[PDB]
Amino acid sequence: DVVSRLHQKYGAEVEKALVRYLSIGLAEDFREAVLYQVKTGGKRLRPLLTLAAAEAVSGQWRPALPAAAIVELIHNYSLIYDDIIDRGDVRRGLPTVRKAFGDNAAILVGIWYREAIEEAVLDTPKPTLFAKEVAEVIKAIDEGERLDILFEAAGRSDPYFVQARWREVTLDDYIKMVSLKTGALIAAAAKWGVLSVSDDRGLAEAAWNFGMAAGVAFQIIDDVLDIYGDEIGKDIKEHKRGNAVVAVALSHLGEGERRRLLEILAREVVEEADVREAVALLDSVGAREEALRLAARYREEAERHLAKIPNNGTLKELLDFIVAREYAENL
């Protein structure tokens, strides 16, 4: 499989780069806490995409290593803060930073990550350009995260999350939110591959579009799982209207059913019977199959952009992996 193969090919050099940028100026008694997040594993799909994109358009991958490190560091920076925000105890089967070291320690670590990202930016072939792209993409992620949280129906005490809670969450709102929270960084992973080794603006734009559509399809599929399992109803227990199946259901359910699903989502604690009841409501408008169809739409869009990129065989394999093409179709 393509991910194992590129991990065996690129993995050691990616990991070296991550530790390298993080270690600059890093005090010895802070080293364990700072490196923890990049030592807990993870798929590294994003840096592999960046390196495969560079290899595709130029036949070289090493010049894109700084970009690959930036994208994976941005990913982990967002995870560290998201774990604090969501009070996540476990990720990749291991304790989170906030869990192992503390919420406040995790904040000092997230601060360190962003400056390690800047060191990496300065080590790219086009520092001023990557500096701008990084600011834009991290603002997209932050805004996506804000919307994801404001799309919850309950569960937060922050005066801001309570007061600014969105009254209604449409399918268009859902798609805008995932494009920012998940799409933008995958789009960046692909585009930065290209920018690292080429000045062809049209190839960089096509890589971006490709990565954006792949990232949207990826999130949609993730949402279907996070409703229908490999537990069951994770996103329902977390009160999320910003989930593809829920969003789709809300756009079809009748008045009574809609009100009731929202009621269930807004419950301070969601129990088994509530999850089964909510899912039944989803299935009653075929929300699962419609969400699956929306994923296929973005997969097909990603394919159209990918066609503009030369030597794209490996990226095509990565795409199938990312959008979990095999599993979705099986379903």
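The first residue of the sequence shown is number 1, and the count goes up from there.
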*Counting only residues of the deposited sequence, how many between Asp230 and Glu231 have no atoms in the entry (none, 1 to 3, 4 to 9, 10 or more)?*
4 to 9
*asked:* Which is higher on mean Cα B factor in this entry, 173 to 181 or 244 to 252?
replied: 244 to 252
_Which of 262 to 270 and 43 to 51 has higher mean CA B factor, as the PDB entry lists it_ = 262 to 270
*So among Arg156, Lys126, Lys132, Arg114, who wins on Cα B-factor in the entry?*
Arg156
*Would you mind finding, among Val38, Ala296, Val275, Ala302, the residue with the largest C-alpha temperature factor in the entry?*
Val275
_Lowest, middle or highest third - CA B-factor, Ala67_ = lowest
*asked:* Looking at the temperature factor on the CA atom of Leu306, which third of the chain's modelled residues does it land in?
replied: highest
_How does the C-alpha B factor of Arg87 compare with the rest of the chain: lowest, middle or highest third?_
middle
_Third of the chain, ranked by Cα B-factor, where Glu257 sits_ = highest
*If you rank the chain by CA B-factor, which third does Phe210 end up in: lowest, middle or highest?*
lowest
